[PDB]
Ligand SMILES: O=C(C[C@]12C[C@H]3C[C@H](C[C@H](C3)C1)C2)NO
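As a starting point, one isolated chain is supplied in structure tokens, in the form solved without this ligand.
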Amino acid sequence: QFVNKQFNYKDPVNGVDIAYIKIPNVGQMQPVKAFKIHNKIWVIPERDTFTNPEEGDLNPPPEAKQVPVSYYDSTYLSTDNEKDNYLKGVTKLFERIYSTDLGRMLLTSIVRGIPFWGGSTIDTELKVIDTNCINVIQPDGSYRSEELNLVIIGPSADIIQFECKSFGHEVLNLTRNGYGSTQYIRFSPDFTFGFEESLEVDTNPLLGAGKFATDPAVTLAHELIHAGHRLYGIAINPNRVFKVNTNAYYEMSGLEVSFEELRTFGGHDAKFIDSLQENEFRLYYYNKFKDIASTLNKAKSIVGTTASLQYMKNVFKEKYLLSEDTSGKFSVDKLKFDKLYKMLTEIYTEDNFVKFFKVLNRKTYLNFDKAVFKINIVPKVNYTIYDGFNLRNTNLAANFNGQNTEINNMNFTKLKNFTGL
């Protein structure tokens, strides 16, 4: 039971876990009703029109960066019923991820991954970064600042463009300096991609109509792995890209793929990161954990009355698994660092979650999305916490027939094809 309350979107606000909140970094926004489904994790059942200036409207008319795959529907997720299903759909996916040993570990790491209190211009003091807070409206009408790790919110203009975003700092690269920052994941449980089971077909841009559907639990789990990296500040700079030499169509298109994506998928795709540069990243981020201990040791007092210095030093020693000594100074044990680092980068992978979900999934990040379907995972006759679409004791249990969009017709409505374009 990862979510204690079965939230209904129309549930009255209480100012604790059902409240209207504001995103401080946005700067200008009307309060939005949010739901805290777990310690440090909120769900905003709304379209994301706040987290960036250049996307205030849900209209397909931008010249920023087009993509072969896209779908738009400015009215999606606007009615209260759809927001209720969005909140119920995201909840069921969290529980599905939580019912697996791999997902339970990931979510534990996400809750522990508290963004670092490294925003003090006086190294003798520990102070929060305002990037990692939300403003909750209390019953008296006033605002209350609240730290959180992860925020799940509806997609922006392009409905199927699922990203993980975080607000930046003046100088610090929070997602790549070990500090970490509050992550916002644009996600929707009401859509899912289609893919081909054959590798020759799934990696060819002119073949396949998307026979099989992607289990949205893997999709969310994929995005959680990104947040896991960025909550611990070990995300690889997106400029570090890998040019695919093993695909004739990728090669003829010059399309790159970031190391962060190849790492997040894991399995056979992570090989494309040579051993040389893997130790390059491992050592680099390990040194960033030194500064955190160096900063953590110079801290003699704490700013604010939220928590005591000793409690914040303990939470950061639990997060980064610091090696605590009789003197009280914190250090980084390389043996313990490599375990946490390997846990976040090599254990939490899309490939590994496919093994625990017992589902069919595309075999490589270097494929061509075939189609996008419309789904509804809320009803138990459609989707379950423990089986997804492959419902047990039905004709959908074997051969991933639940994911077979041709055999499980009532659960998938093709909205748009991607092959040929």
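Definition used throughout: the rigid core is the maximal C-alpha set that superposes within 1.5 Å between two forms. Only residues modelled in both forms are compared. Residues carry their position along the shown sequence, with the first being 1.
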item	value
Other compared entries missing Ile114, a third or more	no
Check: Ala64 without coordinates in a third or more of other entries	yes
Mean temperature factor over C-alpha atoms, higher-scoring stretch between 73 to 81 and 300 to 308	300 to 308
Stretch with the greater mean C-alpha B-factor as recorded in the entry, comparing 136 to 144 against 323 to 331	323 to 331
Residue, from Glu95, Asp291, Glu223, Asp158, that the PDB entry assigns the highest Cα B-factor	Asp291
Maximum C-alpha temperature factor, selected from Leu231, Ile347, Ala248, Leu262	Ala248
Third of chain Cα B-factors occupied by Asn279	highest
Entry-reported Cα temperature factor of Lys65, expressed as the chain third it lands in	highest
Within-chain third of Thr49 by Cα B-factor, per the entry	middle
Relative C-alpha B-factor of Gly402, binned into the chain's lowest, middle or highest third	lowest
Modelled-residue ranking by C-alpha temperature factor, third containing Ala34	lowest
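As for the form solved in complex with this ligand, it is not shown, yet the points below apply to it.
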| item | value |
| --- | --- |
| Contact test in the deposited bound form: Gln277 vs this ligand, heavy atoms, 4.5 Å | no |
| Contact test in the deposited bound form: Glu261 vs this ligand, heavy atoms, 4.5 Å | yes |
| Touches this ligand in the deposited bound form: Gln161 (any heavy atom, 4.5 Å) | yes |
| 4.5 Å heavy atom contact, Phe357 and this ligand in the deposited bound form | no |
| In the deposited bound form, segment of 173 to 181, 307 to 315, 215 to 223, 88 to 96 with a heavy atom within 4.5 Å of this ligand | 215 to 223 |
| Single option in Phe193, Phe281, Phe337, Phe167 placed near this ligand in the deposited bound form, where near means a heavy atom within 4.5 Å | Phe193 |
| Only residue that shifts (Cα, 2 Å or more, rigid core superposed) between the shown form and the other one, among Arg362, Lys40, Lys370, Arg47 | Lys370 |
| Shifted regions of at least three residues between the shown form and the other one, judged by C-alpha displacement of 2 Å or more after core alignment | 198 to 200, 207 to 210, 305 to 307, 368 to 370 |
